[PDB]
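Each protein sequence line maps, in turn, to chains A and B.
To convert, count from 1 in the first sequence and add 1; that's this note's numbering.
To convert, count from 1 in the second sequence and add 54; that's this note's numbering.
Ideal Cβ placement from N, Cα and C applies to all residues, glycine included.
Below is one structure, written out as C-alpha cells; the observations come after it.
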Amino acid sequence: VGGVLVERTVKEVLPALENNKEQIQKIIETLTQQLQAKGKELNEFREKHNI
Amino acid sequence: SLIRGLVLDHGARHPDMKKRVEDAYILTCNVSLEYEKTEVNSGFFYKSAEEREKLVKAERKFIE
Numbered sequence: 002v003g004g005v006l007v008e009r010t011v012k013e014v015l016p017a018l019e020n021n022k023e024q025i026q027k028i029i030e031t032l033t034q035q036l037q038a039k040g041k042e043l044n045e046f047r048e049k050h051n052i
Numbered sequence: 055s056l057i058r059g060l061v062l063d064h065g066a067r068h069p070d071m072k073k074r075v076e077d078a079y080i081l082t083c084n085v086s087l088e089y090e091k092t093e094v095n096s097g098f099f100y101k102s103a104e105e106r107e108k109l110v111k112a113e114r115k116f117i118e
C-alpha cells in the first residue's frame, strides 16, 4: 500500500485476488456488451430529435 | 385603381389554389411553410458531418 508495506498471511491475501477479479469480470461483461446495443439504438435516435 | 382593401403582389408560387376568394379569412403568417426541403434547417447550418444526418429526417416533417 501507499505509506506501508502491509504484512499479511496468505489467508487474507489469497481470497482477495480470487473474488475481486471474478466480481470484476461480471460487471465488465455487462456494460461493454450494453454499449454496442446503445450505439445500435442511438444511431436510430440521433436522426430523430434534432429538428 | 382604387382598392378599398389591400393588394398583395404574390400568389405565393402556386397557381389555382382557389386564388379567387370571396370569403377570405386572412392568415398573415410571417413564418414559412417553406423551412427547407433538404437535410439542414432554415437557420441551422452545419459543415460537420454527424450533425447534418440529425436534421435530415424531421426538416421535411416540420413543414408538414
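Beta-carbon gap between residue i and residue j smaller than 9 Å
i                       : j                      : result
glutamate 48 (chain A)  : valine 110 (chain B)   : yes
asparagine 51 (chain A) : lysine 108 (chain B)   : yes
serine 96 (chain B)     : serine 86 (chain B)    : yes
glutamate 93 (chain B)  : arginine 106 (chain B) : yes
Where residue i falls, given that 16 or more other Cβ within 10 Å makes a residue buried
i                       : result
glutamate 113 (chain B) : buried
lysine 39 (chain A)     : exposed
N-terminal and C-terminal residue of the alpha helix (DSSP H) that residue i is part of
i                       : result
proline 16 (chain A)    : 11-50
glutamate 105 (chain B) : 103-117
Identity of the residues DSSP links to residue i by a beta bridge
i                     : result
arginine 74 (chain B) : Looking at the DSSP assignment, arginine 74 (chain B) forms no beta bridge with any residue, so it has no partner.
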